[PDB]
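As given, the protein sequences belong to chains B and A, one line each in that order.
Just so we're aligned: the first sequence equals residues 3 to 63, 65 to 100, 104 to 117 in the entry's author numbering.
Just so we're aligned: the second sequence equals residues 1 to 59, 61 to 93, 98 to 101, 101A, 102 to 116 in the entry's author numbering.
We put the beta carbon where it would ideally sit given N, CA and C, even for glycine.
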Amino acid sequence: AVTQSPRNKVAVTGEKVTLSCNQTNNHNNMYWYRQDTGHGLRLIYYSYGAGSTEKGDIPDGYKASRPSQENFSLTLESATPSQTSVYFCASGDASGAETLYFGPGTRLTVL
Amino acid sequence: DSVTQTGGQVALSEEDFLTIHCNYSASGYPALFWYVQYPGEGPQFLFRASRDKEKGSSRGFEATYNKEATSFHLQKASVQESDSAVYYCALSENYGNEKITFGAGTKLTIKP
């Protein structure tokens, strides 16, 4: 339904990291979240539809791109240790009050 | 908006009565949700509720939209083995922002 890549990633401070997200049901909405203990899931960036991008609650250090309807990617231009968490991408199903379906997630560690 | 899960961790033994609190603050009628996340995977839809007094349910769990007390407490009379994972309370703003705000989550560890 929604797949992410890579599943596991270790970067060094300053490395440029791109997380890739692919959905297969063509929903207009896609979201990028990071999950941290004590914070649960926080929105970084989200997309209302192809060719557009919107800042989430904690976008600093990130940028995202929605070239198409099926793909939404998240990029960490210069990775910092604080970006070390689990990233989850999700598409929004409007027919269910925007019920989300997440990809497996990307475990990113910044050394 | 904001969602609060007064419980960060919850330890219970098989068949114990489960209740994970969810209190919130919104700017209108939002739709309340509950997601379950098992080891190694992403969060998955459990159930939702759009209107106040409405009750959502699945796999034994359930919550009731109580707009007055701005709560949506998750409950399951008898927690099994496969229940041990993380639960997130979420409020979807499908009628407004279309942004979904999540709680801090709650890890449930069930011992035999």
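Exercise. Establish whether the CB of residue 43/B and some CB of chain A are separated by less than 8 Å.
Key: yes
Quiz prompt | Helix, strand or coil at residue 97/B [DSSP, three-state] | solution = helix
Exercise. Can you say whether residue 28/B is buried or exposed, counting buried as having 16 or more other CB atoms within 10 angstroms of its CB?
Key: exposed
Self-check item: Residues of the stretch 64–88 of chain A whose Cβ lies closer than 8 Å to any Cβ of chain B, in chain order
Solution: none
Quiz item: Is residue 16/B near the ligand GDP, judged by its Cβ being under 7 Å from some heavy atom?
Solution: As for the ligand GDP, it is missing from this structure, which has no ligand bound.
Quiz item: Who are the neighbours of residue 50/A on chain B, taking C-beta pairs under 9 Å?
Solution: 100
Quiz item: residue 43/A: which of 116/A, 104/A, 89/A and 30/A sits nearest, CA to CA?
Solution: 89/A
Quiz prompt | Buried or exposed by the 16-neighbour rule on C-beta atoms within 10 Å, applied to residue 38/A | solution = exposed
Quiz item: Do the CB positions of residue 49/A and residue 64/A come within less than 8 Å of each other?
Solution: yes
Quiz item: How should residue 39/B be labelled, buried or exposed, when 16 other C-beta atoms within 10 angstroms of its C-beta is the threshold for buried?
Solution: exposed
Exercise. Would you kindly work out how many angstroms separate the C-alpha atoms of residue 71/B and residue 79/B, rounded to a whole number?
Key: 20 Å
Quiz item: Any beta-carbon of chain B closer than 8 Å to the one on residue 26/A?
Solution: no
Quiz item: Name the DSSP bridge partner or partners of residue 4/B?
Solution: 25/B
Exercise. To the nearest angstrom, report how far apart residue 53/B and residue 74/B are at their CA atoms.
Key: 10 Å
Quiz item: When you compare each of 52/A, 77/A and 11/A to residue 62/A by their alpha carbons, which one comes out closest?
Solution: 77/A
Quiz item: Looking at residue 9/B and residue 112/B, is the spacing between their C-beta atoms short of 8 Å?
Solution: yes
Self-check item: residue 37/A - DSSP class collapsed to helix/strand/coil
Solution: strand
Quiz item: Near residue 66/B, what residues of its chain come up, given a Cβ to Cβ distance below 6 Å and the 5 sequence neighbours on each side ignored?
Solution: 78
Exercise. Would you give the residue range spanned by the beta strand (DSSP E) that residue 75/B belongs to?
Key: 74–79
Exercise. Could you list which residues in chain A have their beta carbon closer than 8 Å to that of residue 111/B, in chain order?
Key: 41 and 42
Quiz item: Taking C-beta to C-beta, are residue 109/A and residue 42/B nearer than 8 Å?
Solution: yes
Quiz item: Should residue 103/A and residue 21/B be called a contact, given that it needs their Cβ atoms to be closer than 8 Å?
Solution: no
Self-check item: Contact check, residue 95/B vs residue 33/B, beta carbons under 8 Å
Solution: yes
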